[PDB]
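Each answer follows from the model by the rule given with it, or from the source it names; no laboratory read-out is quoted. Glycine also receives a Cβ, built like all others from the backbone with ideal geometry; neighbour counts cover every protein chain displayed.
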Amino acid sequence: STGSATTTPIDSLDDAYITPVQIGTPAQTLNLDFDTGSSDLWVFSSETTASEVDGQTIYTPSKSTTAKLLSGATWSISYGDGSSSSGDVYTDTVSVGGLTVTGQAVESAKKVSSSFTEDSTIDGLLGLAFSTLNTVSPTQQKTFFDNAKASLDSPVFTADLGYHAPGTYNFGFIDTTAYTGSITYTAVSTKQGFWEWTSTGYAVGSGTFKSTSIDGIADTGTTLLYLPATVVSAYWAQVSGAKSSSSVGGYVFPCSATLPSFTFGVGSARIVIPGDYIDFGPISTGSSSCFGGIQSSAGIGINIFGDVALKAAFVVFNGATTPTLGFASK
């Protein structure tokens, strides 16, 4: 089997991407944030505290003839941005782009933190990291990809995120029309439960490539590119007026600037992020200070190849017995 679903930016900045997901019988379609940095499929639901729902579409398990409460199971998750959610668990039928998994754990939110409430466009998350990170207790549950893998034509999914435009998540096949050149594969460590790999270096604009190993995670659920402070300083030093602002929380730059591109290495290959992809717009409405799309990871503990980086590539998440990642230009 295979599946193919379109993923759409939630706003004009590509702050996140939503993909429609069918849950239950008859289908209830929710727009979920596919997140290769976490491993829980959780949804706003009929059980979510009413004051914490503000425009989202909810899953109502009582209207699904295939929903079954997973007795005794609870979940609770916190994300790198400080947001969180928790609740109980059902199993139900879940389909993405024509690919169907029965008995998928659907984690029903009883509580969500304010940033989730405040974002009416995201009805939940669909985790695509490794199932060892799944938070369900006392019986850990598998991700949608893990459950589907055996049935897929090939044990892979691909992320093809658009810049200011829709893109595609495919399951079980590699669309050879969706990228240019060849796909360069690189080793993955699953020791932290992430799609963790080592970039071979970087370049700023037309500058010379610096060969240096940068360990990080391919995380569709993170908006920006978070890299070591040395790398980020080298980038922003090429933008007149750019500075790190403790009050804003990162590098800002004059909105009148033209940003240089940023290149990252994948083995001997190179992925070029155009400068425009690094512009996240005014820090507040009407400001002439703009927020940068490349930020320091120094306070995180891990480097994160988020959407800014991933949307410059066609990305293969290869879930073979030894997982690997593939990157191609497009």
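Apart from one condition, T321 fits all of (1) crowded, with 18+ Cβ neighbours inside 10 Å; (2) without any contact (Cβ under 8 Å) to a residue 60 or more places away in the chain; (3) within 30 Å of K149 (Cβ to Cβ); the exception is (1). Of everything in the range 30-40 that is in a strand (DSSP E or B) and under 13 Å from the mean Cα position of the chain (by Cα), the residue that is farthest from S64 (Cα to Cα) is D35.
Within the option set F291, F314, being under 18 Å from the mean Cα position of the chain (by Cα), buried (at least 23 other Cβ atoms within 10 Å of the Cβ) and either under 22 Å from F34 (Cβ atoms) or among the aromatic types (F, W, Y) (or both) holds for one residue only, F314. Could you check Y235 against (1) surrounded by 17 or more Cβ atoms within 10 Å (Cβ to Cβ); (2) in a strand (DSSP E or B) and say which number it fails? Unmet condition: (2). For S115, the stated conditions do not hold, so it cannot be described as in contact with a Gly (Cβ under 9 Å, 6 or more places away or on another chain), closer than 24 Å to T8 by Cα and either of a type outside the set (S, T, Y) or buried (at least 23 other Cβ atoms within 10 Å of the Cβ) (or both). Out of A257, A269, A218, I need the residue that is farther than 28 Å from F130 by Cβ and touching a residue at least 24 places away in the same chain (Cβ under 8 Å). Which one? Among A257, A269, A218, only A257 is farther than 28 Å from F130 by Cβ and touching a residue at least 24 places away in the same chain (Cβ under 8 Å). Just one of the listed residues (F130, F157, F145) is buried (at least 16 other Cβ atoms within 10 Å of the Cβ), closer than 23 Å to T25 by Cα and in the same structural domain as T91 (by CATH), namely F145. Name every residue in the range 39-86 that is hydrophobic (A, V, I, L, M, F, W, C), touching a residue at least 60 places away in the same chain (Cβ under 8 Å) and either under 25 Å from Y226 (Cα atoms) or in the same structural domain as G299 (by CATH) (or both), in order of residue number. Matches in the range 39-86: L41 only. The residues of the range 143-173 that are of a type in the set (S, T, Y) and either under 20 Å from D14 (Cβ atoms) or part of a strand (DSSP E or B) (or both), listed by number, are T158, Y163, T168, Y169. Among the residues making up the range 275-299, those that are in contact (Cβ under 8 Å) with a residue 60 or more places away in the chain and either in a loop (DSSP other than H, G, I, E, B) or of a type in the set (K, R) (or both) are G293, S297, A298.
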